[PDB]
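Form deposited in one PDB entry, single chain, as structure tokens, below.
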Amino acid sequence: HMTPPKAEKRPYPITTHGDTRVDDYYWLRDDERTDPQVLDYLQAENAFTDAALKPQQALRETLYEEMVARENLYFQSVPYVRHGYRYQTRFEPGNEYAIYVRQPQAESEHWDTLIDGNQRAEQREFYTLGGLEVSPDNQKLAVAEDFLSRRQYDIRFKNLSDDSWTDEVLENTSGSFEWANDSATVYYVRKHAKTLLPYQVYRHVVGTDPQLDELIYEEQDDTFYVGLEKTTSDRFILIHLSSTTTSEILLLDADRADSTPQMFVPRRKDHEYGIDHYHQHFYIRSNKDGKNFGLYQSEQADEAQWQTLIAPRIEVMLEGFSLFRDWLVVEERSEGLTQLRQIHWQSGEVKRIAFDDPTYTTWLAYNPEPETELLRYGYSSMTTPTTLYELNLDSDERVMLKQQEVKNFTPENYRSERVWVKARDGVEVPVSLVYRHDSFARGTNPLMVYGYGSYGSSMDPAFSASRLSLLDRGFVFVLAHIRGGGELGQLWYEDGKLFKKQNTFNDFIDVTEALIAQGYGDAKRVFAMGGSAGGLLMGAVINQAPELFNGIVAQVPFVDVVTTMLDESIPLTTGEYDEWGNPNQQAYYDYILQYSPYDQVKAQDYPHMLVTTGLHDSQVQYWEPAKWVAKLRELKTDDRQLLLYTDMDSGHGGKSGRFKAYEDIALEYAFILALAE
């Protein structure tokens, strides 16, 4: 019916290694975001998306309403104790933001407000609480707040005794700060006013002019993120320096005045380590001897002195640890499962935390105090809503502290399976899927196949209440644990990045083909979704295997890969040479160009597709998906739906603009449900 927008073509040649690529839409990039022709094209496509999806308004309403009616209005966090006070977070209906309260641990009846997000947001356009921590003496509250939506945080201090605010503000910070043990001094991280990269650590005396703050440390390499931590012992504040590949920690004595940074272990390429300090020892998680990491104990910094507690193992990835009075507890991955193990400091007794679910995730939750036998850990499966447990590490007593509440939900209505697919190279790829039992008939059901598959991030199988809107309409929902993710440890990550990145896209296709072959879904109604680096996935897969999918949602997709990775002026490019590679090298130019979705768009039939992006703020810059859609409209040979939806907004809402997140999910789900009908 309707004529889609047609972007003007302006042939823009880019020549590298004597290869000339001609980019007809280079001009959709305006770093200033004011070119009126660039805004006209984005607004035109939004108007086309509006007009094309107008008939789905009723369905979007039904979806929105049933998603919001699943979740409670009142949320109360599980209370935790820290330094003799009990803390709870509270959301009332009508209140846009959290209220943070506390009481003395020995107290039940009365709670004091620490901070009311609604009060703090009064007469502001935007509010996000980035951080909240009371000093060790329980007398002062430090808060990191963002009033301007650019994740530059202001730090302010409140005297809890008389609820009065101090006069000063620490400006343009990462929101990362730590109290010295004097409850008078804080360390905090200043962003580079230009790059916005966290680069400087300062010491501040609370009450005083931030002019008098002392520069403690400045990071020289802008691939190294600067973070602050405080050891379980409270003896050290950690300056945590990391690239994607490489760590370095500096120690600040948290007890004494005029501390300067003390090197732990100098940075060495491809050595990642993190430390804690407890019971007069350093504990270190390090890949020095093995990609899957080991855990070491040491009296001092010197790497030569580190004693092996847990050796690196090819079949077990060591993800993190917590330290308690009598136990070490570690989070690991093995055979495609997250796992928790406990080891007694004295007896060396080992226990495994057991579950009975094919598709679940477990993790260490918040454990602020080490002098206890009570471990808090989280659990979620494709069929069991997210649960906090408290485990007695000595007695094995396991009590539920909180369950995610889901209305109109009967858990036994759904089934889940773990499936292993032999990929085209003989490698075994795990898959997690879930469906409604009473509407399942082999070879009949639409499939929704979700992937990410970059940075070693895992799509761990867990519960989603919004997913019930697809399951209750006959969909089989699949997580494809493709290479480039972390589900089978560091090797699974490395086998889907740099000169192996193609395995990511091949795994997604291999999984989809197998699931259809084995009768999990209807071959004519296979859908897929992926966002950001998962949008790169969507883009490569439709160029390579266009006929496999009926319809796609590609959120904020990374698709202009070669051109973006050739340009250091784009934020992220300098940090990502260790992910995709550096196309200033001909080997990486050729390898990346082979899959770069914008470059590999051809005159062939594509699936129906909804593409999303955002003008004002960017992980992926808005222009990549805009150029992608313009080029697809120019070359694609089919007559299927292609829509571009650009968020024009100023910024977000109550933390994650929850209203609006559900509206976006409803629009994407109506689009897929309309195609599956």
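We number the residues from 1 along the sequence you see. In this text, the rigid core denotes the largest set of C-alpha atoms whose superposition between the two forms falls within 1.5 Å.
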For the stretches 219-227 and 281-289, which has the higher mean C-alpha B-factor as given in the deposited record?
219-227
Looking only at CA atoms, which has the higher mean B factor in the entry: 202-210 or 523-531?
202-210
So if I compare the CA B-factors in the entry for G320, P430, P93, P358, which one is the largest?
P93
Based on what the PDB entry reports, which of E624, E45, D30, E61 has the top C-alpha B-factor?
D30
Looking at the C-alpha B-factor of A676, is it in the lowest, middle or highest third of its chain?
middle
Chain thirds of CA B-factor: placement of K54
middle
Report the third (lowest, middle or highest) to which the CA temperature factor of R483 belongs, ranking only the modelled residues of the same chain.
lowest
Just say lowest, middle or highest third for the CA B-factor of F409 relative to the other modelled residues in its chain.
middle
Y85, C-alpha B-factor rank within chain (lowest, middle or highest third)
lowest
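There is another form of the same protein, the form deposited in another entry; it is not shown, and what comes next is about it.
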Listing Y452, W179, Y595, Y296 as candidates, which single one shows a C-alpha movement of 2 Å or greater between this form and the one not shown when the core is held fixed?
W179
Post core alignment: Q119 C-alpha displaced by 2 Å or more between this form and the one not shown:
yes
Rigid core superposed, CA of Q105 - does it shift 2 Å or more between this form and the one not shown?
yes
Rigid core fitted, then: does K631 show a CA shift of 2 angstroms or greater between this form and the one not shown?
no
Specify closer or farther for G651 and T573: how their Cα atoms are spaced in the other entry versus the shown form, given a shift of 3 angstroms or more.
closer
